[PDB]
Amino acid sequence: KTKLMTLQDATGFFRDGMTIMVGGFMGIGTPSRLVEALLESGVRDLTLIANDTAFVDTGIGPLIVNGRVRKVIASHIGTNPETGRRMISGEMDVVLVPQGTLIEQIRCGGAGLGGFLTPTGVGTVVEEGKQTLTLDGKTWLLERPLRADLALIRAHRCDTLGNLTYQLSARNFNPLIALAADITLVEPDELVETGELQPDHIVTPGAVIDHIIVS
């Protein structure tokens, strides 16, 4: 068929209990329309994976504020008092992972690797429940891959094949979650023709992109 679809169609991909990766650092790089659409769907019991919870009115915040998320996996939640409130309250589960570890877990999930050794978190609470290996006289935490049912991606430019480019600091997690999810939805700022994006400028090849939201 085609990868091009309206936002209204995206609601078809949402379901209860599903795990979703969302791009963006502090809301910068988050697909707004997809998130608003995810909120409009009314789906609950979500497990969201992202770098952070952004602010209350940005990023994955609105989803958390309106109580549609049961679990969060991220590296920072400080700028969203609601996340913390719900974490403390018990309404929502939160897993705080070192950023460099989290992104590598996502990449591993995406790159078909069974795990990786990192020195980050050794001797801390991060070590709890994890395997530790000694190599080269140094202790490493063995971190395991992360995957998801769905990925919500924002891109700058996007052609009809799904080749993506990104703008400034809006890139962050997006290129990695694109490989780590079963199905991928991209929300490009600009839709271009195939050939308009030079081969040496494309960051995320269209092969990993399943569906494209049109302008």
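Residue positions are given as counts along the sequence shown, with the first one as 1.
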- Query: Of 45 to 53 and 166 to 174, which one has the bigger average CA B-factor?
  - Reply: 45 to 53
- When the C-alpha temperature factors are averaged for each of 74 to 82 and 114 to 122, which stretch ends up with the higher value in the entry? 74 to 82
- Message: Can you tell me which of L179, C158, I153, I64 has the maximum CA B-factor listed in the PDB entry?
- Response: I64
- In this crystal structure's PDB entry, the residue among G12, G206, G24, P199 with the greatest CA B factor is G12
- Task: Rank-wise, by C-alpha B-factor, drop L133 into the lowest, middle or highest third of its chain.
- Result: middle
- Query: Within this chain, which third does the Cα B-factor at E127 fall in: lowest, middle or highest?
  - Reply: middle
- Item | Entry-reported Cα temperature factor of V95, expressed as the chain third it lands in | middle
- Note on the structure: On the chain's distribution of Cα B-factors, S89 falls within the third called highest
